[PDB]
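Report on the following structure.
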Amino acid sequence: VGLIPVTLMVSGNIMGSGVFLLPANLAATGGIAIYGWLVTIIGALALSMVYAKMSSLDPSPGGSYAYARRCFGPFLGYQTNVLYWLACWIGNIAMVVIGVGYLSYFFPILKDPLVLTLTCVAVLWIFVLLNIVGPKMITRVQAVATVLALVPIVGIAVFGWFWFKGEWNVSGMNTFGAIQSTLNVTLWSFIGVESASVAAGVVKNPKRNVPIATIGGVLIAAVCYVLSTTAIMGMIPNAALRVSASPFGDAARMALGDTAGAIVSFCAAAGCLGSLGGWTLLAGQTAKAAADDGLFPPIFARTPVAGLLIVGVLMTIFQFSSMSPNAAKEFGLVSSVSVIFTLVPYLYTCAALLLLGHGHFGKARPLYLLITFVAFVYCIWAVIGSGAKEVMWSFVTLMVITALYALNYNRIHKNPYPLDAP
Amino acid sequence: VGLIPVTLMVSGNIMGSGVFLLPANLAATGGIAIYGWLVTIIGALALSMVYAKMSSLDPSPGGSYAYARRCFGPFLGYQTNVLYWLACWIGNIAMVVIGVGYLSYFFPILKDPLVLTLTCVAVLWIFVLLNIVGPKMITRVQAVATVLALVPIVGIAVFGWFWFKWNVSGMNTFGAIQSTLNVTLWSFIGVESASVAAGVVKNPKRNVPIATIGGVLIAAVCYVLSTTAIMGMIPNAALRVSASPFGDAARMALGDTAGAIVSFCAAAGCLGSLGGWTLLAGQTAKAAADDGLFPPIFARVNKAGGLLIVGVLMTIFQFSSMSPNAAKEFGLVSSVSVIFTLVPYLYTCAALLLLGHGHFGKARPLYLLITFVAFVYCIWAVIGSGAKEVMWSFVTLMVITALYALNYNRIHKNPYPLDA
Amino acid sequence: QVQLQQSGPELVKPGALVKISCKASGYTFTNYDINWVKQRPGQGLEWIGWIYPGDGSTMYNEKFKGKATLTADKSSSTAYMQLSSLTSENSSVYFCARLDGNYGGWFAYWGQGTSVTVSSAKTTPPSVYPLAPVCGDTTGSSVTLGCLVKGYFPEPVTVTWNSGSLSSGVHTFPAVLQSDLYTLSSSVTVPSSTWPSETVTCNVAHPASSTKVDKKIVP
Amino acid sequence: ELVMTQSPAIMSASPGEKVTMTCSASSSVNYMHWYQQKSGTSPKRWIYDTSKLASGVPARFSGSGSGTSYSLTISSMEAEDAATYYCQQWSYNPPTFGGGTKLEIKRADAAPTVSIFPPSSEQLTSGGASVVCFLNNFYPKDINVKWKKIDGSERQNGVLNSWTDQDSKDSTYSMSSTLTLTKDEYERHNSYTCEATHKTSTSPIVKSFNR
């Protein structure tokens, strides 16, 4: 509530790494990389459409999870919840490290292990508290931090004056196999949608504001990306093998003049902590939506949510079991698996806008039937282009979820179609 | 129909590689390997229980797929069908290669590429025809071939006289047994043969649950009374079999001389399981077809199985793997389908709980535990299976889902629907 | 709001079959199932089966055959036949019903109900007789005047006092058949000063033989 | 084949009294559903998922139970509450309903207000004769007539009784006894009496008429 603070969240929850994204992508060239932002933005825009439409037909508590529930039943709803709930706070631990690693990286306040681990846990509860007492208040905070974090990116254009960069300086491979290696970066840079969908229930004035923020935030972060990754791969820190090594930041203050004292990392650190609260917000939301139904422990619904702390207690437990102990083999990899979890809800939501809203089409049916087919292929490629290892455990999680469900809802479950009786 | 020909199928569809299994497992030792057959047989027996019970409460067309349908709805039923249907015939192409590769390997009739590829396609339709006109006739064939194939294994015990053979890669006893499961967990992908065989099978609700436990307990004895009767003492030490595929090695340290009649029947015990799987292929296809899920053609007039659509595909995917250059990508697929088979296994367990939570006894905790083992069983099997493979199993679910929401858009029955 | 309403008719002859309909509105006909239940004379209700306007249908075992659930997407209604009807299988008003979802497991919307008589007795018009009070007047406080209606086999009848304006102190009694003919009675109570003046007329209606006869009560 | 067998069959309660009807079950089920059917009309959703109240259902109602024993209850009874409640299940196949629990309102016993009527003109002018007797507004339901009475002799066959359910505005009962015969028998005799032995009085309240 209302619209303008939400449209910033939908975009903010995407750009928790918009400032650093460029260099990591410049490795696989940056000239024929823009020749790849299309495939990404097109597919990603198709997803923003689906969620925008699905939310206009049903402003839910809600999902995602909600849409999944209706579409496929209780099982896949319950499942959609867990996966997404985990991806929310498990994805948060990597955001504090990098978040704080932007404040104490340029001063440099403090750096050592047991020193940074405490200020992260500290700032975590700093946002866990803002959520448990101010849905409007937390949306204010993010709205503030995301605008600050945008100052640089929006300030970068300001184009003068690009200089023919490496164009296609990526590893020797056909233009097709070259763009494929660029998607491994761009496809995952739009895991910010559905922020309004689950934000519904709150958000207020939904059915309109949500679908608007869903397309707004995306079209905002879509411009930022292609009007930032271009305004740097030409001409500030070229050639490719100049940024390909060092993390961007102070490199934007030489080839057009800013001096420094770099005030860049001072706000690009808030644009990572501002997205902290937003995700914990969603965490408790999907948890409540589920809790309010026969699926997922009741405590997560108790006026915002009181069990918002169970997320905080866990985020801290999984903060210590990754920083202090040396390995870390498990804490380290788990943080990347949760990212794939986020793709399962994305999937079903599409299947939902079809299976459910096959009536409210227009019938501009083929047009809708196609947009959902793109968003489908989008999510599919994202998965494929993601090192085997990671995916393997996403699967094993489904494996567990399933068993975990049939062992907790044994009799509470409503079977279609049931047995006979004798 | 009736029982005795089916109990042999449930076991036959497990031992399509029971004769070769030993050596591949001897690599990771064979002494502390028996100290691993327990974990396997226990978990695998737990699965045979679930299916035996689930089928006694509902003799279905059927699944698996069927149980999955009731349990979770139409979507997961439809999905359970595809995955299992594919795993049936995609798993068949590797059975003809190895099957024929047991006849023309010891004579040796013929060996070359475009020569073996033709006799496989030939023997494929040889079983595709036996199925499209004789469910009893095909069960006769397998019943015959599986008994023949058992002659060696059952004849191996005959124990005299074992000789003291953990020679696996340096690793704690726990990490040593884990590497043994990568062989044993997957050696029991033969269950649920009777469950899907229901509808046919006749006299079900009893015969099926009996064959489900019978076949397993039969192939469970064969394994542990064969892998032991060889890792002691015929071809030891470990690094004697660890290199060469067993077969003629069982005719020196106790047995008769040349002319090995072993590979002559152990080739039929691989072709006899050919028809059985195509049988199930058309069965799960029909069961699904007979419901709103899966193309209608797979259910027709003739009182048996569109059983040819499977044959047409098995041939297309036979050529696109032997004659053609590449040629590896379409070879990985043959191993992915194996994991597909684990998804039905999963839901079936979830079913015997979610559905049959009444007919328990209530010996509830006892049932509630058996299903928990079979659960963990299927879970480990998946984990202990090189990332790559699993990744594409997931991508298949990805596709299946989209494939469904794009074909049953309006036919789908939504719980709970929208509004106005 | 869901409507899901059906048809009043009709009488049947043992052996022959009936086809009842249930036209649904307020929701999309093809999103849910359509159920049928059979409730014997003020007794327990017996489920019959559902039907998906999308395609197929499930039917209660007990009543194997003897009925086929059909439907047309177009008219947004769903037919329902009773195959080999017999004298005793007579409704037992038949109800159509839609769950609130689907799947499982409780009916949120019911049809108004369809009464079905399966007898070979011939349809007969009623015989409305105004009942005359009471022998002698200047009597008590208020007067009770009746309205008999004997002789007919088509079940549904509609007795009314003053077109439904005099609906107080009226007691209409359930019909009874002594021999393939239902006979019914009804009463109405009004002050002693009311009836003599105004006219209390009982508008008996019987559509099954299309016989509307509205007698009036006079001393 | 999962039997519901709910009890009591019929019961009555005064306004303000606590009512409690149960529902046994052949074998264990999860969830039971309750509907409220008033006078033959189409049932109404009342209790779904064992303890969920429907849209309009008042707080006064509540459901509970598990396995084989479920039960519907009401803190304070009300006139409206009067009806038949049906427990039903869908936990197995087929779905089934209970025998029903018939709840009636309790009111102060009242004596009949008997009226008697003659064969109307257009009945004797068609070859028939019927004497009507209206025993109205009484409680409890249990009442017996008196086999009419013609010239002291009370006829037995030709008697046709039909009973009102239970008036919704006072909670009393009504009863209609009508004696049909030939045009001949109605002029043959001349002393007609229909009595009423309702247990509010040990002495029959009688009405008679002569031609």
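In the structure tokens, chains take letters A, B, ... by order of appearance, with residues numbered from 1 within each chain and ligands from 1 in the order shown.
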| message | Within 6 Å of chain D, which residues belong to chain C? Use only C-alpha atoms and report them as a PyMOL selection string. | response | chain C and resi 44-45+105+108+112+131+173-174
At most 12 Å is the cut-off: for each residue in chain B with any atom that close to an atom of chain D, write down the nearest atom pair and the distance in Å rounded to one decimal, counting only C-alpha atoms, chain first then increasing number, as JSON lines.
{"residue": "B:70", "atom": "CA", "partner": "D:92", "partner_atom": "CA", "distance": 11.4}
{"residue": "B:354", "atom": "CA", "partner": "D:91", "partner_atom": "CA", "distance": 11.4}
{"residue": "B:355", "atom": "CA", "partner": "D:92", "partner_atom": "CA", "distance": 9.4}
{"residue": "B:356", "atom": "CA", "partner": "D:92", "partner_atom": "CA", "distance": 10.2}
{"residue": "B:357", "atom": "CA", "partner": "D:29", "partner_atom": "CA", "distance": 9.6}
{"residue": "B:358", "atom": "CA", "partner": "D:28", "partner_atom": "CA", "distance": 6.8}
{"residue": "B:359", "atom": "CA", "partner": "D:28", "partner_atom": "CA", "distance": 9.5}
{"residue": "B:360", "atom": "CA", "partner": "D:28", "partner_atom": "CA", "distance": 11.1}
{"residue": "B:361", "atom": "CA", "partner": "D:28", "partner_atom": "CA", "distance": 11.4}
{"residue": "B:362", "atom": "CA", "partner": "D:28", "partner_atom": "CA", "distance": 10.7}
Filtering to N, CA, C and O atoms, could you give me those residues as an mmCIF file, in the first residue's frame?
data_model
loop_
_atom_site.group_PDB
_atom_site.id
_atom_site.type_symbol
_atom_site.label_atom_id
_atom_site.label_comp_id
_atom_site.auth_asym_id
_atom_site.auth_seq_id
_atom_site.Cartn_x
_atom_site.Cartn_y
_atom_site.Cartn_z
ATOM 1 N N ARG B 70 -5.801 -41.152 -7.750
ATOM 2 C CA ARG B 70 -6.621 -41.017 -6.556
ATOM 3 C C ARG B 70 -5.945 -40.110 -5.537
ATOM 4 O O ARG B 70 -6.518 -39.121 -5.082
ATOM 5 N N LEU B 354 -1.761 -41.757 2.381
ATOM 6 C CA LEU B 354 -2.851 -40.801 2.217
ATOM 7 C C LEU B 354 -4.201 -41.467 1.952
ATOM 8 O O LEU B 354 -5.235 -40.991 2.421
ATOM 9 N N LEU B 355 -4.190 -42.571 1.210
ATOM 10 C CA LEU B 355 -5.424 -43.264 0.842
ATOM 11 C C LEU B 355 -5.835 -44.354 1.830
ATOM 12 O O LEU B 355 -6.921 -44.301 2.406
ATOM 13 N N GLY B 356 -4.967 -45.343 2.017
ATOM 14 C CA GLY B 356 -5.294 -46.498 2.836
ATOM 15 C C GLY B 356 -5.021 -46.321 4.317
ATOM 16 O O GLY B 356 -4.685 -47.281 5.009
ATOM 17 N N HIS B 357 -5.174 -45.096 4.809
ATOM 18 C CA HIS B 357 -4.932 -44.800 6.216
ATOM 19 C C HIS B 357 -6.016 -45.391 7.108
ATOM 20 O O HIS B 357 -6.002 -45.199 8.323
ATOM 21 N N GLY B 358 -6.955 -46.105 6.499
ATOM 22 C CA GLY B 358 -8.048 -46.706 7.238
ATOM 23 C C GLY B 358 -7.913 -48.210 7.378
ATOM 24 O O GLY B 358 -8.142 -48.764 8.452
ATOM 25 N N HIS B 359 -7.533 -48.870 6.288
ATOM 26 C CA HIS B 359 -7.444 -50.327 6.261
ATOM 27 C C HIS B 359 -6.182 -50.835 6.950
ATOM 28 O O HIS B 359 -5.747 -51.960 6.704
ATOM 29 N N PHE B 360 -5.599 -50.011 7.815
ATOM 30 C CA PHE B 360 -4.311 -50.333 8.423
ATOM 31 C C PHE B 360 -4.337 -51.506 9.406
ATOM 32 O O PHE B 360 -3.472 -52.382 9.348
ATOM 33 N N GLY B 361 -5.315 -51.529 10.305
ATOM 34 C CA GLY B 361 -5.395 -52.606 11.277
ATOM 35 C C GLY B 361 -6.228 -52.343 12.519
ATOM 36 O O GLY B 361 -7.186 -53.067 12.788
ATOM 37 N N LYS B 362 -5.869 -51.313 13.282
ATOM 38 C CA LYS B 362 -4.786 -50.409 12.912
ATOM 39 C C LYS B 362 -3.419 -50.831 13.448
ATOM 40 O O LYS B 362 -3.055 -50.507 14.580
#
List as a Markdown table every residue of chain C that is in contact with chain A, defined as an atom at most 9 Å from one of its atoms (using only C-alpha atoms), together with the nearest atom pair and the distance in Å rounded to one decimal, sorted by chain and then rising number.
| residue | atom | partner | partner_atom | distance |
| --- | --- | --- | --- | --- |
| C:102 | CA | A:416 | CA | 8.4 |
| C:103 | CA | A:416 | CA | 5.8 |
| C:104 | CA | A:414 | CA | 6.6 |
| C:105 | CA | A:414 | CA | 8.3 |
File of the preceding selection, N, CA, C and O atoms, as a PDB file, in the first residue's frame:
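What landed in out.pdb:
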ATOM      1  N   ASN C 102     -15.221 -30.438  -4.731  1.00  0.00           N
ATOM      2  CA  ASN C 102     -14.662 -30.567  -6.079  1.00  0.00           C
ATOM      3  C   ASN C 102     -13.219 -30.100  -6.109  1.00  0.00           C
ATOM      4  O   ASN C 102     -12.933 -28.957  -6.467  1.00  0.00           O
ATOM      5  N   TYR C 103     -12.314 -30.991  -5.714  1.00  0.00           N
ATOM      6  CA  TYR C 103     -12.690 -32.329  -5.265  1.00  0.00           C
ATOM      7  C   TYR C 103     -13.032 -32.326  -3.781  1.00  0.00           C
ATOM      8  O   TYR C 103     -12.455 -31.561  -3.010  1.00  0.00           O
ATOM      9  N   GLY C 104     -13.965 -33.190  -3.389  1.00  0.00           N
ATOM     10  CA  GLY C 104     -14.330 -33.360  -1.992  1.00  0.00           C
ATOM     11  C   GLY C 104     -14.843 -32.109  -1.298  1.00  0.00           C
ATOM     12  O   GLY C 104     -14.238 -31.041  -1.384  1.00  0.00           O
ATOM     13  N   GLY C 105     -15.967 -32.241  -0.602  1.00  0.00           N
ATOM     14  CA  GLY C 105     -16.698 -33.492  -0.537  1.00  0.00           C
ATOM     15  C   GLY C 105     -18.074 -33.258   0.059  1.00  0.00           C
ATOM     16  O   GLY C 105     -18.766 -34.198   0.454  1.00  0.00           O
TER      17      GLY C 105
END
| message | Using only C-alpha atoms, which protein or nucleic acid residues come within 9 Å of residue A:346? Drop anything in the same chain fewer than 5 positions from it, and give the result as a list in words. | response | residues 47, 51, 64, 194, 375, 376 and 379 of chain A
| query | Any idea which chain A residues end up within 7 Å of chain D if we count only C-alpha atoms, as a PyMOL selection string please? | reply | chain A and resi 411+418-421
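Distances to chain A were evaluated for B:287, B:76, B:168, B:52 using only C-alpha atoms, and the minimum falls at B:76.
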| task | Could you list the residues in chain B lying within 7 Å of chain A, using only C-alpha atoms, and format the result as an MDAnalysis selection string? | result | chainID B and resid 70:73 75 350 353:355 357 375 379 383 387:388 390:391 394:395 398 402 405 409:410 412 414:418
| message | Using only C-alpha atoms, which protein or nucleic acid residues come within 6 Å of residue C:4? Drop anything in the same chain fewer than 2 positions from it, and give the result as a VMD selection string. | response | chain C and resid 23 to 24 111
Sorted by chain and rising residue number, which residues of chain C lie within 8 Å of chain B, and what are their closest atom pairs and distances in Å to one decimal, counting only C-alpha atoms, as JSON lines?
{"residue": "C:26", "atom": "CA", "partner": "B:420", "partner_atom": "CA", "distance": 7.9}
{"residue": "C:27", "atom": "CA", "partner": "B:420", "partner_atom": "CA", "distance": 6.4}
{"residue": "C:28", "atom": "CA", "partner": "B:420", "partner_atom": "CA", "distance": 7.5}
{"residue": "C:31", "atom": "CA", "partner": "B:413", "partner_atom": "CA", "distance": 6.3}
{"residue": "C:32", "atom": "CA", "partner": "B:413", "partner_atom": "CA", "distance": 7.0}
{"residue": "C:54", "atom": "CA", "partner": "B:411", "partner_atom": "CA", "distance": 5.9}
{"residue": "C:55", "atom": "CA", "partner": "B:411", "partner_atom": "CA", "distance": 7.8}
{"residue": "C:100", "atom": "CA", "partner": "B:416", "partner_atom": "CA", "distance": 7.8}
{"residue": "C:101", "atom": "CA", "partner": "B:416", "partner_atom": "CA", "distance": 5.4}
{"residue": "C:102", "atom": "CA", "partner": "B:415", "partner_atom": "CA", "distance": 5.5}
{"residue": "C:103", "atom": "CA", "partner": "B:415", "partner_atom": "CA", "distance": 5.8}
| query | Mind checking DSSP for stretch 20-172 of chain D and telling me the helix (DSSP H, G or I) residues as a PyMOL selection string? | reply | chain D and resi 121-124
Just write the chosen residues, N, CA and C atoms, as a tab-separated table (two decimals), in the first residue's frame.
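Final output, saved to again03.tsv:
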chain	number	residue	atom	x	y	z
D	121	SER	N	-72.97	-29.35	-0.76
D	121	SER	CA	-74.05	-29.57	-1.73
D	121	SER	C	-73.60	-30.31	-2.98
D	122	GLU	N	-72.58	-29.79	-3.67
D	122	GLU	CA	-72.14	-30.37	-4.93
D	122	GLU	C	-71.48	-31.74	-4.78
D	123	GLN	N	-71.53	-32.30	-3.58
D	123	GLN	CA	-71.05	-33.65	-3.36
D	123	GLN	C	-72.22	-34.63	-3.33
D	124	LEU	N	-73.33	-34.20	-2.74
D	124	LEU	CA	-74.55	-35.00	-2.74
D	124	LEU	C	-75.19	-34.96	-4.12
| Nearest to residue C:67 by atom-to-atom distance, counting only C-alpha atoms, from C:17, C:99, C:179, C:217 | C:17
| task | Counting only C-alpha atoms, figure out which residue out of C:97, C:59, C:166, C:22 gets nearest to residue C:76. | result |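 Smallest separation from residue C:76 among the options: C:22.
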| task | Work out how far atom CA of residue B:139 is from atom CA of residue B:308, in Å to one decimal. | result | 18.2 Å
